[PDB]
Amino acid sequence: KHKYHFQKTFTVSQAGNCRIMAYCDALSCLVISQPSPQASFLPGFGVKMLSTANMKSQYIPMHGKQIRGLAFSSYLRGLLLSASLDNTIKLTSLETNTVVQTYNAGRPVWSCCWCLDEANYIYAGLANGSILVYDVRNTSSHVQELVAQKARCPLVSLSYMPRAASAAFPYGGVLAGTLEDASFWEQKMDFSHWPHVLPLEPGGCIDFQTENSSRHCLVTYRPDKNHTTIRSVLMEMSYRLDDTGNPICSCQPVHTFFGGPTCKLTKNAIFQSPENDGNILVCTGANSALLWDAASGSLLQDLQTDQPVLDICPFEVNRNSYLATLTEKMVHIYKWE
């Protein structure tokens, strides 16, 4: 059987404080959030670009406070979306190595993601539980606000589920999690969004990860209980129609993978096996990252590391598949072999 084997470790930030990673397939570029290289650049936060073609790159200054989201869109080549506790959403071009657009959200931004349906929309999750929807065609302000349904507390996770020709769940929209609440914001034909409460009760942390083909999401969270533990639940999206013919959207657990006692939470991953057999892998962050088979719910690999894993990111370059795990100072590269 093939599996991931350790290749190399790269130091990202001697000062630590790395948090999240994103990969641009079109430019073969892994970006990693870090504080600025100290006593070299001005103080702040930005990303180190790592060229995966060469496995070499450079630092791009972006924000004044910690980065809480990073995402590339498929529609705008190399255009990095970032969210920061400095109250901004920014678009930074890997083509230009410069910040090309800033939106001042007016409040700390705890998450962001792109629309995967037919729009260049940005979702920004705020400290008060609202989602602002920005349209790249409008550079001055947001075009929608999706207000907090229950509590007003930070919206810490956003993950887009694209529409599909699937009888199980054809709809597209954004999965959204605050510290105490989870909803699916269905995108309608007219590009407005409608909320659907999900049967999850977060109690201090939550992270949504989506797998497009399979209409599943991975939700890693702590339940709202006094004494509990973090778990990662592989969820299948579902729906029924109301009397007007509009859907009521929900989800149900397939597999529950129990984890650790505490919330400061690995941004996990869910993705297609490099084997291209339609199997899906679930990778969960102890000083280990565990890889699970989504079909069977059984464990495939335990990738050991000297430090806690903060983020996990699969990537492909030159007909080979890789996995990156991020710790506070370093990134570990594994190859599928």
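So that there is no doubt, residue numbering starts at 1 and follows the sequence shown.
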Deposited residues omitted from coordinates between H227 and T228, as a class: none
Residues of the deposited sequence that sit between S57 and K56 yet are not modelled: 1 to 3
22-30 or 269-277, whichever carries the higher mean Cα B-factor: 269-277
Higher-scoring stretch by recorded Cα B factor average, 244-252 or 76-84: 244-252
Candidate residues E201, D135, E118, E186, the one whose C-alpha B factor the record puts highest: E201
Per the PDB entry, maximal CA B factor within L146, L91, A151, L126: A151
Chain-relative CA temperature factor third for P195: middle
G259, C-alpha B-factor rank within chain (lowest, middle or highest third): highest
Chain-relative CA temperature factor third for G297: lowest
Within-chain third of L155 by Cα B-factor, per the entry: lowest
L303, C-alpha B-factor rank within chain (lowest, middle or highest third): highest
